[PDB]
């Protein structure tokens, strides 16, 4: 079993000429150490969802697409506590008509919690949390509201390891 709720924060700076290129990719890694992990544990990379980010009074809408660098489960041997994970994110323009999941208000930067999450929990805990999360998004709720419930469900009796992303775009 593992039990800790761990997170890392990364920054994504959108290029000043994104209006031309209209695509950008970033890649992040992080080594987590959960000192509570005992026995053998399987850490599952949770399938991510695209995020629609709204900037400057939601006049600039961006689509963030996330892909795990290693899509395989992480296997921790007996009392092994540390593991490396990461993901790549691709930034593209969202349709003019897209619903914003995360809004910067009047500014050009947003903090996005839980863009990518791994869990040590069972398939039952993971699937319930993941499904409620996606239904929450489909029901039109904000990313932060949904992700907080999602991380909270995963963190109850298991380890949850989250990537947070700050996105900024200042052309």
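Positions refer to the first chain, counted from 1.
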Report the stretch with the higher mean CA temperature factor, choosing between 96 to 104 and 69 to 77 on the basis of the entry.
-> 96 to 104
The stretch whose C-alpha atoms carry the larger average B-factor in the entry, 14 to 22 or 156 to 164, is 14 to 22
Per the PDB entry, which option out of 27, 36, 59, 117 has the greatest Cα B factor?
-> 59
Specify which of 31, 142, 44, 47 carries the largest Cα B factor in the deposited PDB entry.
-> 142
Within-chain third of residue 55 by Cα B-factor, per the entry | highest
Among the modelled residues of its chain, the C-alpha B-factor of residue 110 falls in the third labelled highest
